[PDB]
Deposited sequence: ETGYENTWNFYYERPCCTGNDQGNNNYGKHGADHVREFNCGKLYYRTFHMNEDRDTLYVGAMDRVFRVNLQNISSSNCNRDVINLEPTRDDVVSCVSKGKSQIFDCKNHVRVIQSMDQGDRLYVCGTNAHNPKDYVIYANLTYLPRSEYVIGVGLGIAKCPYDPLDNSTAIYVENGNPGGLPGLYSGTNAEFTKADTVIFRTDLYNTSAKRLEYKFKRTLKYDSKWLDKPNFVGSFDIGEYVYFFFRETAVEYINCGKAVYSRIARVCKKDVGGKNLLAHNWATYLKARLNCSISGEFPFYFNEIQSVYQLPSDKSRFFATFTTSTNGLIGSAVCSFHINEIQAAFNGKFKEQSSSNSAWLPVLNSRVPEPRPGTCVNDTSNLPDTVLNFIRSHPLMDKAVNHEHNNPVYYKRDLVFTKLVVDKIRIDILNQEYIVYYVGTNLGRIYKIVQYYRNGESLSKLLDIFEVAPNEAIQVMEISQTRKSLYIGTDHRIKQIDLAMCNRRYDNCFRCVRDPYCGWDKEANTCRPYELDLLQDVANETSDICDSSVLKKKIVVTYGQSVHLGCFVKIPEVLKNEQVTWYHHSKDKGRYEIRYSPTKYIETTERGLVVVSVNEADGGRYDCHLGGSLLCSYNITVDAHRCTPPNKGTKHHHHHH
């Protein structure tokens, strides 16, 4: 039994673990080398350089509910062990990181806070006006999918405020996209009233699950999936949406003063191209690169039992704005069709555009947008197809990394996509011959049968951070020297390069070998070593390049060759009595004789992978 390469299992890599605390909220602050984690009854300040160095009892603030709040929550039929806890669901930086805004479920009684960055309470004299009640700022239910973002700049009066998407009621009958009251916190006076979507109006929102929100220029964008109201007459479906509000929105003048006057939403299109596209309807997560505010990356799943499938799509801000600039959709009555409105038949100023004072808008614009929140055009995804899609898996969360290779400034986009079963799919995207291409590079086993709940990526520490309900894992982005003991896998990873002279994989450098796009399939040929083995007569010998072949290679074509003086190099054909194929793509040679000696070559995916030289010796 002979094996060339042993690729180390990944990644059941550092861990932070304080029990099953439902680690579902991340807020990274690289300026303080900290990953803030919201969990059950707790905010942790986790060290970004090495999460294992943090202490469960020191790097924490305990926010457990009062026993009075627990009893009241239990009295309403909720569970003492899980529901009637304070699950932290918002953590946002304030005052240049000196303080944190925190919101938690607080035993189905949402409560929010402002605390110091070191996780201590403000003095009583320093309590921030307008903070305490978390209703509409974060959910009651720890299983909800909500979103929030704290926005310092661009709001009315230049005042900071929280934008949120969550359920605002214990019965879950009031989902809302929300902005808090805006205070002059020094003067202790409320300046701008809160904003909310129209209650009881299924055209604005219908059972949404929120997956992200972003502060970009003059707007705040919200990402969510919801009941597809415009599909009801044809069947049952969930659609994905991006909603947009103007930061300067102050609502209408009198009885519309608390509702958005600029709220618009559009369907998100993630689909396989064709005469009849295959749509992935349910967005699960969205991410934006720190260096690129013009793009969003998102995961989508199907809704059906019979065809489980998931995809990654990206969307450009230009295509989002084209949707919001296109025709509005209209259902003039409950039993009518949904029809486009000619843009020339829309009132002015254009609904959804940021005017100086929405409270001065004509009633005809206010009335229009209240009945036309949905755009007729869907937001097209970049390129013709998803970045990546695959059957029988449920993508959940994702982050994205952008890297440039030094030798010729080649750019690669790397997706880290979590699953409901605790795996990470590592996908690389690149452009060749005018087209967008992607390759699945690796599957990480992070936590068997533990759904990925939250992900973050640090550029200062070159690490991936992954939250499940049981643990946090930290994975180095460049696992070159540890994970790759072979040129084959090394040159396919955009973080790595193969050092032929040293026979090692290293974080990429100019002189190192790399071929992410598979343009030079012989790049590792001179690095393939020939292992010389001695086999006794009649004995069977197991030849394999990997002890366990990486899962992403299991479907590649494998060809074995034997070198003889009479045949030259010829392809080995599997037979029941001589040449057996193993599930790990190995070769078993049965009853080795003199003619079976010599060189064996294993090619995988069109590249020489490993090579053996067999010498046959007597049974001694």
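If you line the structure up with the deposited chain, the stretches without a C-alpha atom are 1 to 6, 19 to 34, 643 to 657.
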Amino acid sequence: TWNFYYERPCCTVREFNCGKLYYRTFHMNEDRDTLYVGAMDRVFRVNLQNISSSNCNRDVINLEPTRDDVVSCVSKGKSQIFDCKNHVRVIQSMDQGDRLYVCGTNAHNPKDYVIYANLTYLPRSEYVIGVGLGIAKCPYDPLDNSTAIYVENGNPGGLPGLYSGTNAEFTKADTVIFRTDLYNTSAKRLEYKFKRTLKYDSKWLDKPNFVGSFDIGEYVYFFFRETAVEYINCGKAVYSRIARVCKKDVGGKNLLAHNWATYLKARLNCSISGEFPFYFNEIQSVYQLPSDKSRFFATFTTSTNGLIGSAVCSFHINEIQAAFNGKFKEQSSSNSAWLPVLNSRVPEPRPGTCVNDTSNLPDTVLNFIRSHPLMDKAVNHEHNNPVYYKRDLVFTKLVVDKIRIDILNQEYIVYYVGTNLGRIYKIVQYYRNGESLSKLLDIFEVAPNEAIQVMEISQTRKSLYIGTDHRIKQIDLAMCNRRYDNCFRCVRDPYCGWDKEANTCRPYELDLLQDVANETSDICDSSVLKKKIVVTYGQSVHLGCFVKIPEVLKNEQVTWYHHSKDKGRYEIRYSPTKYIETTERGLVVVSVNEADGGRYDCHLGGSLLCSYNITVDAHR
From here on, numbers count along this sequence of modelled residues.
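Averaged over their C-alpha atoms, the temperature factors of 33 to 41 and 65 to 73 are higher for 65 to 73. Taking only CA atoms, the mean B-factor in the PDB entry is higher for 402 to 410 than for the other of 402 to 410 and 99 to 107. Remark: of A257, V211, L441, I242, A257 shows the highest value [criterion: C-alpha B-factor in the PDB entry]. Based on the entry's C-alpha B-factors, the most elevated value among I424, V534, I91, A311 belongs to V534. Sort the modelled residues of the chain by CA B factor and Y579 lands in the highest third.
Ranked within its chain, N17 lands in the middle third, by CA B factor from the PDB record. Per the PDB record, residue ranking by Cα B-factor puts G418 in the lowest third of the chain. Looking at the C-alpha B-factors along this chain, the one for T301 belongs to the lowest third.
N118 sits in the middle third of its chain by CA B factor, as recorded in the PDB entry.
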